[PDB]
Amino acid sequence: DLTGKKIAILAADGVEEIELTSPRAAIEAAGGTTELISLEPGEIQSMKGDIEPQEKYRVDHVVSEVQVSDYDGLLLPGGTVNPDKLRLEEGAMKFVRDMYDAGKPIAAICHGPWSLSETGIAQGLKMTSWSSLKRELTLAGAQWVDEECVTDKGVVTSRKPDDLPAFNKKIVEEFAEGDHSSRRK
């Protein structure tokens, strides 16, 4: 049950459509709400298979316009271009790090984990991702595994759209359990 819980979805242009819409649908189905947070105001271009433009999604706030205390969790959807744009923006990376340091549950799927590497979160973390992130994540000090869904220290990761059924269940469990500060000391 996510009644009264609000989840931040951090995403730029290039986000994999299904990796935004399907977990968002799980969060609302569990009774929670989500808000789409981004670099610039307006809309964000979603993709299918990284390069086929699909629908556009309205951004609720720019990253500098929100605080960590407004949210009970963080979702980092993939699509190759999206996290690659996010990792270059200081306010974006500060928000991801701050979310973590405040004990808030974090879910990243597919290319999404790139933000966990940029912020240093990956270091000593058990996690998965899309196969192309294996190198950077292992170099970054991660305990990288190839599994459909991995949870460590309130951080949920998955590899791909087909992991969504298992990811959606796990993200809801973790968003519901709440503050993981004590597991991150």
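Residue indices: 1-based, along the sequence shown.
80-88 and 96-104 differ in mean CA B-factor, and the higher of the two is recorded for 96-104. Averaged over Cα atoms, the B-factor as recorded in the entry is higher for 106-114 than for the other of 71-79 and 106-114. Remark: of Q123, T119, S158, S132, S158 shows the highest value [criterion: C-alpha B-factor in the PDB entry]. The residue among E52, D60, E136, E55 whose C-alpha carries the highest B-factor in the deposited model is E136.
Annotation for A30: C-alpha temperature factor in the middle third relative to the rest of the modelled chain, per the entry. For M127, the recorded CA temperature factor ranks within the lowest third of the chain's modelled residues.
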